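For reference, the structure discussed in these notes is given below.
Numbers restart at 1 for each chain; the letters A, B, ... are given by sequence-line order, proteins then strands. Worth knowing before you read on, the calculation uses all heavy atoms, side chains too, and leaves out hydrogens, waters and symmetry mates.
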Amino acid sequence: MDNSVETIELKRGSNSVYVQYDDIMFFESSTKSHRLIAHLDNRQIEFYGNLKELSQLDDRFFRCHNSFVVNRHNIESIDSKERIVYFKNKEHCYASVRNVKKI
DNA sequence: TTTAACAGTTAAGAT
DNA sequence: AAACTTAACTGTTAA
Ligand SMILES: [Mg+2]
Ligand SMILES: [Mg+2]
């Protein structure tokens, strides 16, 4: 078990992958029902979970949109006009009108 | 500056 | 592991 760095267990059936919090740029809802996609530095992991629970895990995980939970540690910049959040790995996600200012 | 109506869309709670 | 339901979202628009 990785005890020295905060980690989240992402499950796939009886398989588990432990991912360090700051490996994660953001989570988004999957096109697949009841699944989410964790966007890591250079990998994506699809798993069963809910965005609400993830946002409750840690102050750094913020619900910036109904469909997205961002890791504040990995935000590089925000285009506030278009409400696009940019991450250190060059990915982006969207923030909602009601949540963008609270990031 | 603020809140929210509107109407379409979606996250998440039996088999 | 992977259909049906509806509260609560969404951006636009207005006040
Ligand atoms: Mg890292
Ligand atoms: Mg949080």
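Within the model, atoms NE2 of A/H73 and CG of A/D23 stand 13.0 Å from one another, a figure rounded to the nearest 0.5 Å. Expressed to the nearest 0.5 Å, how far CZ of A/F87 lies from CD1 of A/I75 amounts to 5.5 Å. Separating the NZ atom in A/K102 from the CZ atom in A/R63 is a distance of 13.5 Å, to the nearest 0.5 Å. Between the CD atom of A/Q44 and the CE atom of A/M25 there is a distance of 11.0 Å, given to the nearest 0.5 Å.
Through chains of ILVMFWY side-chain contacts below 4.5 Å, A/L40 is grouped with A/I8, A/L10, A/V17, A/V19, A/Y21, A/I24, A/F27, A/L36, A/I45, A/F47, A/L51, A/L54, A/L57, A/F61, A/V69. Clustering of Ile, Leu, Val, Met, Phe, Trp and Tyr by side-chain heavy atoms under 4.5 Å joins A/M1 with A/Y18.
In plain terms, the two heavy atoms of A/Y94 and A/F68 that are nearest each other are O-CD1, 3.4 Å. Nearest heavy-atom pair across A/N99 and A/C64 is CB-O, 3.3 Å. The two atoms that bring A/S30 and A/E46 nearest to each other are OG-OE2, 2.6 Å, heavy atoms only.
For the residue pair A/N74/A/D22, the side-chain donor-acceptor check at 3.5 Å is not satisfied.
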(request) Just do the ring-ring contact (aromatic ring centres under 6.0 Å, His included) check on A/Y48 and A/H34 with the steps written out, would you? (result) CA-CA 6 Å; A/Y48 288 89; A/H34 290 262; 7.7 Å; no

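There is a path of hydrophobic side-chain contacts, each under 4.5 Å, that joins A/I84 to A/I78.
When side chains are defined from C-beta on, A/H92 does not count as touching A/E82, because their heavy atoms never get closer than 4.5 Å. Using a 4.5 Å heavy-atom cutoff, the side chains of A/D41 and A/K88 are in contact. Considering only heavy atoms from C-beta on, A/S96 stays 4.5 Å or farther from A/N66 through its side chain. A heavy-atom distance below 4.5 Å is not found between the side chains of A/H65 and A/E28.
Atom CG of A/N15 has more than 12 neighbouring heavy atoms from other residues, nucleotides or ligands inside a 6.0 Å radius. Within a 6.0 Å sphere centred on CZ of A/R72, heavy atoms belonging to other residues, nucleotides or ligands number more than 12.
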